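Q: Just dropping this structure here.
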4 protein chains.
Amino acid sequence: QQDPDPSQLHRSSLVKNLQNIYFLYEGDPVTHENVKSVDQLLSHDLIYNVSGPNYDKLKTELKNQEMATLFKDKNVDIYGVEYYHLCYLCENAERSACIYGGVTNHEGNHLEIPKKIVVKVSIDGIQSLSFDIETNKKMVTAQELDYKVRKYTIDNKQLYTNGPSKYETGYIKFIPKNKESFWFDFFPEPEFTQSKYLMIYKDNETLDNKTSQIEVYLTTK
Amino acid sequence: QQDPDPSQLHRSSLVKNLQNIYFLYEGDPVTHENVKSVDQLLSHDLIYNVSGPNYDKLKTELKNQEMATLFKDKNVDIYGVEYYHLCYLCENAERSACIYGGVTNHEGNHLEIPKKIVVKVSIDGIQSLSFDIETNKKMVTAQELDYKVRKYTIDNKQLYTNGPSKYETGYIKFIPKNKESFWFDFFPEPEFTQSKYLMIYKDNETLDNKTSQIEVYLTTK
Amino acid sequence: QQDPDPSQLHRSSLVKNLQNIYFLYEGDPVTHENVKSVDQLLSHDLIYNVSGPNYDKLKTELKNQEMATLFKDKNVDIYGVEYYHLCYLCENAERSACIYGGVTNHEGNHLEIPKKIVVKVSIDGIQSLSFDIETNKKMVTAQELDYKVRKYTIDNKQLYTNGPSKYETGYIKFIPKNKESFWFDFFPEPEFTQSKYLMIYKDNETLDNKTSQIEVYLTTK
Amino acid sequence: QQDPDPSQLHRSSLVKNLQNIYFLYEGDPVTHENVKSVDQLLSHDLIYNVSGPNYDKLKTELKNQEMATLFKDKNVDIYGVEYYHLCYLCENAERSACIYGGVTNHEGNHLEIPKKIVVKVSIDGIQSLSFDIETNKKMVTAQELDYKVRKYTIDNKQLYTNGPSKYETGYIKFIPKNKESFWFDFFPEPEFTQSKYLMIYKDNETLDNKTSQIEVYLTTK
């Protein structure tokens, strides 16, 4: 996946119920340390018995059978963006919370002191500023990072709000030490659902933090 | 509807996922003043464009057509218990909240100072206590009252909890000045959904507060 | 319940997607002889392991907890109207078919030769005609009957069509030997779903057939 | 996409409710010619106003936004496999039917005399047989082809049944004149739904028939 073309980005002025992206990155993500799965719905997911402000049962669809059937009996660390509309867990379950990926092993992958990662932000060409985000992992999911990133740029520069977004075309770029960089679009198609936009966090993409760099390119229209 | 017979009561011990009753009465009720309806799904429900911590659209299924098309264009006051699991609003809507009844006209029915209604609580036959609850309406909905009554006894004497109840069989009774008393069971059938147990709040039963009394009958087991 | 008032009747010209009532009575109802339930979802329904053109699992919402847990272990006969849209049976089942009531004991209640029951149909006051329907039960469900009744009047005098109805206001009336006659409006509220209009078959109402009569009141407008 | 490794194939013996695959290819596909779209739920789908034995509304999710907003106003031919369970179209419509892909232009692309396509089938290494399938299109969808190809083998050699299959691992392969051949696994992961398995028909893949070949590889066990 190579650098995006200016016509391939979705534009924030065509999205209708745009806000539905706000709450996602404004609210509190899901965080669980050293926990083990206990049952699964389909071959490619895993269910956990954990709680939060609006749930006591969680689900995370993974990339495929081979992956799910890998973390099935291991201890892992969860960190993910959740949705409540359109989420199934079990016939007998009200109060559910779905998510995509966000799964990392627990032992060894934890660090003593927080690694400092730097984000560079460009707007209309000009590189305008810099800020930091942390993490207690040697191998974090692009999900944990992308989130933390936006959170900041939403409560300060204002990436999303309960209404029209200030910018128009935005996307985050990951730059791994070994190879091939990738990106995510900051805005969805005209009409959409949450459950669908978040599928990007399906591949449970993980990467070393000690050697990865991030870039953000926004457009003021 | 005459006084219930001791076998006709649902027994707390039998219910399985009982907690789900707890949240309904330990959380914050939906409250809106002087608001009007803006669209309706089926012939007997009205939909409001209001907001809260977990929504931005609301639905209240009333008793029947004739009723709904009566409050279809009036300004009213909403006071009610909501459920998120299995709630339908519009094809394009995430973040909804549904309820039953809880509708009263807005003009006049309001009061300067809060009427004081007294509740007599029995337990294993002996009337051990009494407490108070308020209201700013001349014609309140037995729902507004039912709620307020439980929230208390739950936070203090412990009616419901994040698990098994302390008591076994409980119900509330209303005594209207004009005639015919009625009651609600405090526990649902063994296996149930939220949206089904609440239907007792479908008849949008209203009544004068200046002359109505309340009684609670619990059995310790 | 006494003879209805000409203003409480739903008027077929107001229903928007009326057709949907057509397929319910113009389709092959469900019919299964001597069978036993095998699992249950909620405390007031029963599930059966039977087959048909569009299903291989069935459910039947009954009146209350007390009624369901009565046919839980008995051999019974099911004759009823089904709906596919909006129907849950188990987390793992596609191809489902739901219904309301239509449950009767099997042993004894069966007859050697079919009883002949006559129906009398009015039309704008005048008693226009008569026709027949059969049954192999001593105690049938008004559902079994109400169905048989309409299916005829729809294929011949066209009660419902893939479209607007020829008549405007009709309802069937039951006259049981002992006491209280009861009726069903032939048309639903303006806007509706199927699972809700069918709820009148929930009281699994049954009666002797050796002494029961029927009447039909329609209005050409 | 190169030839599959005998370990990446799903084994029917591990599948639980496999029958559901059966009905999909043993049932009547959806067929409509020279039609136009009429509204769209999301940004990557299209809705048509057509009718069949179990529906009067149909949907077909496409690859992405740029494809849908391309067949939005053209005259197209739909050929596809449909799923009922879990299918959303509009808040007011029961009787739906969903699909993925299966869309082709209508003018010109039609042939006077049906093109004969030969399929070669292998079984445990040995090329045991060959047969025929027809099509009235210059540019056909791999879906229309894959379907026809199975139905046969199913009603004859018995690919799927209302139960365990006879075979263990199967997959069809397409060999276009220009380049890159591809394949589909005849079987789903152990636990799945219909709507997910069928997503292979999303990329609405299309190829010329005057120059395409097919091959099937099965493994008795």
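Every chain in the structure tokens has a letter given in the order shown (A, B, ...), and although residue numbers restart at 1 in each chain, ligands are simply numbered from 1 in the order shown.
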Residues of chain C near chain D: apply a cut-off of 12 Å, count only C-alpha atoms, and supply the list as a tab-separated table (two decimals) with C-alpha atoms, in the first residue's frame.

A:
chain	number	residue	atom	x	y	z
C	16	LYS	CA	-50.37	1.30	3.46
C	17	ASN	CA	-48.67	-2.09	2.97
C	18	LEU	CA	-51.86	-4.09	3.46
C	19	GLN	CA	-50.79	-6.89	1.13
C	20	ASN	CA	-48.68	-8.44	3.86
C	21	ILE	CA	-51.92	-9.61	5.45
C	23	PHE	CA	-49.66	-13.80	2.22
C	24	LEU	CA	-50.48	-14.78	5.81
C	27	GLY	CA	-50.15	-19.17	2.21
C	53	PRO	CA	-41.03	-25.58	3.05
C	54	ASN	CA	-39.20	-22.70	4.77
C	55	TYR	CA	-38.31	-24.00	8.22
C	56	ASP	CA	-36.68	-26.78	10.27
C	83	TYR	CA	-44.48	-15.06	10.28
C	84	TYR	CA	-40.84	-14.98	9.14
C	85	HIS	CA	-39.76	-11.33	9.55
C	86	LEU	CA	-38.57	-10.60	13.10
C	87	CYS	CA	-38.38	-14.03	14.73
C	88	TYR	CA	-35.76	-15.42	17.15
C	91	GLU	CA	-28.33	-17.99	18.31
C	92	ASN	CA	-27.36	-20.67	15.72
C	93	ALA	CA	-30.56	-21.02	13.67
C	94	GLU	CA	-31.28	-19.57	10.24
C	95	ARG	CA	-34.51	-20.81	8.59
C	96	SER	CA	-36.95	-20.06	11.43
C	97	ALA	CA	-40.75	-19.93	11.66
C	162	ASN	CA	-51.86	-8.40	-3.51
C	191	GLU	CA	-48.67	1.07	10.01
C	192	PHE	CA	-47.65	-2.28	11.50
C	193	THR	CA	-45.54	-5.42	11.38
C	194	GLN	CA	-46.82	-8.99	11.22
C	195	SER	CA	-45.73	-10.37	14.59

Q: Which residues, written as a ChimeraX atom specification, have at least one atom at most 7 Å from segment 151-161 of chain A, with only C-alpha atoms counted and residues fewer than 2 positions away on the same chain left out?

A: /A:19,22,25-26,147-149,163-166

Q: Keeping N, CA, C and O atoms, export the residues of the selection given above as a compact mmCIF listing (two decimals), in the first residue's frame.

A:
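This went into out37.txt:
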# COMPACT_ATOMS: atom_id res chain seq x y z
N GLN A 19 -21.24 12.70 13.18
CA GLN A 19 -20.97 12.60 14.61
C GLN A 19 -20.66 11.19 15.10
O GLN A 19 -19.80 11.00 15.94
N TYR A 22 -17.35 10.71 16.10
CA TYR A 22 -16.93 11.49 17.26
C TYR A 22 -16.97 10.59 18.47
O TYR A 22 -15.95 10.11 18.92
N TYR A 25 -14.22 8.10 19.03
CA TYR A 25 -12.91 8.50 19.50
C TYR A 25 -12.88 9.47 20.65
O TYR A 25 -11.82 9.86 21.11
N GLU A 26 -14.05 9.87 21.14
CA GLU A 26 -14.11 10.78 22.27
C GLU A 26 -14.31 9.97 23.53
O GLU A 26 -13.68 10.24 24.56
N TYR A 147 -5.90 5.39 17.81
CA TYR A 147 -6.83 5.97 18.77
C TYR A 147 -6.19 7.14 19.50
O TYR A 147 -6.52 8.30 19.26
N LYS A 148 -5.28 6.81 20.41
CA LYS A 148 -4.58 7.81 21.19
C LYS A 148 -4.28 9.05 20.35
O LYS A 148 -4.45 10.18 20.81
N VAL A 149 -3.84 8.84 19.12
CA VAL A 149 -3.54 9.96 18.25
C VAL A 149 -4.74 10.88 18.12
O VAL A 149 -4.73 12.01 18.58
N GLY A 163 -20.87 17.21 15.26
CA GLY A 163 -21.38 17.90 14.10
C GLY A 163 -20.32 17.99 13.04
O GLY A 163 -19.39 17.18 13.02
N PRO A 164 -20.41 18.98 12.15
CA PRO A 164 -19.46 19.18 11.06
C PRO A 164 -18.03 19.29 11.54
O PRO A 164 -17.75 20.01 12.51
N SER A 165 -17.13 18.58 10.87
CA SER A 165 -15.72 18.62 11.21
C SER A 165 -15.09 19.84 10.55
O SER A 165 -15.47 20.26 9.45
N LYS A 166 -14.11 20.41 11.24
CA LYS A 166 -13.41 21.60 10.79
C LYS A 166 -12.59 21.41 9.50
O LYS A 166 -12.50 22.34 8.70

Q: Write down as a ChimeraX atom specification the residues belonging to segment 27-131 of chain A that are assigned strand (DSSP E or B) by DSSP computed on the backbone.

A: /A:30-35,39,45-48,52,55,58-61,76-80,83,97-100,103-105,110,117-123,126-131

Q: Would you kindly return, as a ChimeraX atom specification, each protein, DNA or RNA residue with an atom no farther than 12 Å from any atom of segment 110-127 of chain D, considering only C-alpha atoms and excluding same-chain residues fewer than 5 positions away?

A: /D:33-34,76-77,104-105,132-140,145-146,148-150,152-153,157,167-175,208-221

Q: Could you check the closest approach to residue 68 of chain C for each of C:206, C:37, C:13, C:143 and tell me which residue wins, using only C-alpha atoms?

A: C:37

Q: Could you write out, as a short mmCIF file (atom, residue, chain, number, x, y, z; two decimals) with N, CA, C and O atoms, in the first residue's frame, all the residues of segment 11-192 of chain A that DSSP marks as alpha helix (DSSP H)?

A:
data_model
loop_
_atom_site.label_atom_id
_atom_site.label_comp_id
_atom_site.auth_asym_id
_atom_site.auth_seq_id
_atom_site.Cartn_x
_atom_site.Cartn_y
_atom_site.Cartn_z
N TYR A 22 -17.35 10.71 16.10
CA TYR A 22 -16.93 11.49 17.26
C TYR A 22 -16.97 10.59 18.47
O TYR A 22 -15.95 10.11 18.92
N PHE A 23 -18.17 10.35 18.99
CA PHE A 23 -18.31 9.51 20.16
C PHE A 23 -17.31 8.38 20.18
O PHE A 23 -16.74 8.06 21.22
N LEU A 24 -17.10 7.76 19.03
CA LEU A 24 -16.16 6.65 18.96
C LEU A 24 -14.80 7.01 19.53
O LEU A 24 -14.29 6.33 20.42
N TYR A 25 -14.22 8.10 19.03
CA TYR A 25 -12.91 8.50 19.50
C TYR A 25 -12.88 9.47 20.65
O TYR A 25 -11.82 9.86 21.11
N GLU A 26 -14.05 9.87 21.14
CA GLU A 26 -14.11 10.78 22.27
C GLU A 26 -14.31 9.97 23.53
O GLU A 26 -13.68 10.24 24.56
N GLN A 65 -9.89 -17.81 10.96
CA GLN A 65 -9.92 -18.99 11.81
C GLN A 65 -8.57 -19.24 12.48
O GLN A 65 -8.49 -19.34 13.70
N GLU A 66 -7.52 -19.33 11.67
CA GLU A 66 -6.16 -19.59 12.17
C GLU A 66 -5.69 -18.64 13.25
O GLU A 66 -4.89 -19.01 14.09
N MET A 67 -6.17 -17.40 13.21
CA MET A 67 -5.75 -16.43 14.21
C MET A 67 -6.54 -16.65 15.50
O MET A 67 -5.95 -16.87 16.56
N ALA A 68 -7.86 -16.62 15.43
CA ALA A 68 -8.68 -16.82 16.63
C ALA A 68 -8.21 -18.06 17.39
O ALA A 68 -7.90 -18.00 18.58
N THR A 69 -8.16 -19.18 16.67
CA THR A 69 -7.75 -20.46 17.23
C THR A 69 -6.29 -20.46 17.62
O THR A 69 -5.64 -21.50 17.67
N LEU A 70 -5.76 -19.27 17.88
CA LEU A 70 -4.37 -19.13 18.27
C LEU A 70 -4.34 -18.49 19.65
O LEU A 70 -3.60 -18.92 20.52
N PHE A 71 -5.15 -17.45 19.85
CA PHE A 71 -5.18 -16.77 21.14
C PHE A 71 -6.23 -17.40 22.04
O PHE A 71 -6.42 -16.98 23.18
N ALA A 142 -1.86 -1.29 15.75
CA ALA A 142 -2.03 0.01 15.16
C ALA A 142 -3.30 0.66 15.71
O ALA A 142 -3.46 1.88 15.63
N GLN A 143 -4.18 -0.15 16.28
CA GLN A 143 -5.43 0.38 16.81
C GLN A 143 -5.19 1.23 18.04
O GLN A 143 -5.71 2.34 18.17
N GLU A 144 -4.37 0.72 18.95
CA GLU A 144 -4.07 1.43 20.19
C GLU A 144 -3.46 2.80 19.90
O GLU A 144 -3.78 3.79 20.56
N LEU A 145 -2.59 2.84 18.90
CA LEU A 145 -1.94 4.09 18.52
C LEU A 145 -2.88 5.03 17.79
O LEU A 145 -3.11 6.14 18.26
N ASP A 146 -3.43 4.60 16.66
CA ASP A 146 -4.35 5.46 15.93
C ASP A 146 -5.31 6.15 16.90
O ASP A 146 -5.51 7.36 16.82
N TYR A 147 -5.90 5.39 17.81
CA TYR A 147 -6.83 5.97 18.77
C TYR A 147 -6.19 7.14 19.50
O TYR A 147 -6.52 8.30 19.26
N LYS A 148 -5.28 6.81 20.41
CA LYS A 148 -4.58 7.81 21.19
C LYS A 148 -4.28 9.05 20.35
O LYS A 148 -4.45 10.18 20.81
N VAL A 149 -3.84 8.84 19.12
CA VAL A 149 -3.54 9.96 18.25
C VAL A 149 -4.74 10.88 18.12
O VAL A 149 -4.73 12.01 18.58
N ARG A 150 -5.80 10.38 17.50
CA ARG A 150 -6.99 11.18 17.29
C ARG A 150 -7.49 11.79 18.58
O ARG A 150 -7.77 12.99 18.64
N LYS A 151 -7.62 10.98 19.63
CA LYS A 151 -8.12 11.51 20.88
C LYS A 151 -7.55 12.90 21.05
O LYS A 151 -8.30 13.87 21.11
N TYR A 152 -6.23 13.00 21.10
CA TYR A 152 -5.53 14.27 21.26
C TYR A 152 -5.99 15.34 20.25
O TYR A 152 -6.51 16.39 20.64
N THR A 153 -5.80 15.07 18.96
CA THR A 153 -6.17 15.99 17.89
C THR A 153 -7.67 16.29 17.79
O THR A 153 -8.11 17.03 16.92
N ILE A 154 -8.45 15.73 18.70
CA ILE A 154 -9.88 15.98 18.66
C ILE A 154 -10.26 16.89 19.81
O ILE A 154 -11.19 17.69 19.70
N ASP A 155 -9.54 16.77 20.92
CA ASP A 155 -9.81 17.58 22.10
C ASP A 155 -8.99 18.85 22.12
O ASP A 155 -9.18 19.72 22.97
#

Q: Do you have the atom CA of residue 180 of chain D-atom CA of residue 203 of chain D distance handy?

A: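 Atom CA of residue 203 of chain D lies at a distance of 15.0 Å from atom CA of residue 180 of chain D.
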